[PDB]
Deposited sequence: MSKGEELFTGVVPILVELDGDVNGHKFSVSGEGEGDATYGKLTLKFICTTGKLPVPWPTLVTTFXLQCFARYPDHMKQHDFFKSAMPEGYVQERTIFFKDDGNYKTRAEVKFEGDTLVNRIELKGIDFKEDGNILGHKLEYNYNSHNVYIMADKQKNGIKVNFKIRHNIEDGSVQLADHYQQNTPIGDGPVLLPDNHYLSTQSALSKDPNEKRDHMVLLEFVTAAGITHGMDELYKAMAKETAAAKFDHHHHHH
């Protein structure tokens, strides 16, 4: 598509979030850059209202899947870039097992050269003695699979995945993500066949930063559709010998 051409180089990113979790109001601003050619993301997030009332790892998925690397054979399955520059609405409900939930609405689009992610988040039913409000999550991040299917009825996609959050004691806190993406523009988009994104993330701190913050490095590659060239490679491997 035309949208994919906007991602050939390094694109500046701006993330803005306004949240309420059990009545605790907070805001986060993030800046960084993305290089979709390598499915790469480098971002630094600052809590602009003081101390973040929830663990930073609970916000990773909320805080730009258009920066995923789609292999050549699978380029037609990239809904995210096809919706650009007009962008898309990304909606989620995140159910933390035996705890509360986050409900988010975001708009991801270009504002000049910048790719902007503006998010509204509401969290409810969190337990004061639980892992989230108890800040019992390790400051690290697992590798996940993000499952994508077309949602023809809504001219978009339905996305589902379970994130694993390591807890201090060695247990694992699960968060079930129900997601849907819909284009903002009225133009045609690419609707994909079933596939997935393979994610990997590193969390760190900027030693110079005094504000409550998170440094995120993330790599995302699409997978799940075959390139159906196994029989070609097999023929060549034979040919290696057919003459030898």
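Absence of C-alpha coordinates is noted for several segments of the deposited sequence, namely 1, 65, 247-254.
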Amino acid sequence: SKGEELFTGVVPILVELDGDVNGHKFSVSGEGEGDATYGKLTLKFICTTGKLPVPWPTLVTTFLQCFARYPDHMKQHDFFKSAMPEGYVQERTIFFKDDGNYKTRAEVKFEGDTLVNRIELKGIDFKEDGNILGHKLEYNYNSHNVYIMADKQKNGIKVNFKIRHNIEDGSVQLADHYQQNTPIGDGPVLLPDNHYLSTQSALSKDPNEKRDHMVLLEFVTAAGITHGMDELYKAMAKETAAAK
From here on, numbers count along this sequence of modelled residues.
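In this entry, 184-192 has the higher mean Cα B-factor, the comparison being between 184-192 and 197-205. Once the C-alpha B-factors are averaged per stretch, 114-122 and 127-135 rank with 127-135 first. Sort the modelled residues of the chain by CA B factor and residue 84 lands in the middle third. Among the modelled residues of the chain, residue 72 sits in the lowest third by CA temperature factor in this PDB entry.
Split the chain's modelled residues into thirds by C-alpha temperature factor. Residue 150 is in the highest one. In this PDB entry, the Cα temperature factor of residue 107 sits in the bottom third of its chain's modelled residues, the lowest group. Ranked by Cα temperature factor within the chain, residue 11 sits in the middle third according to the deposited record.
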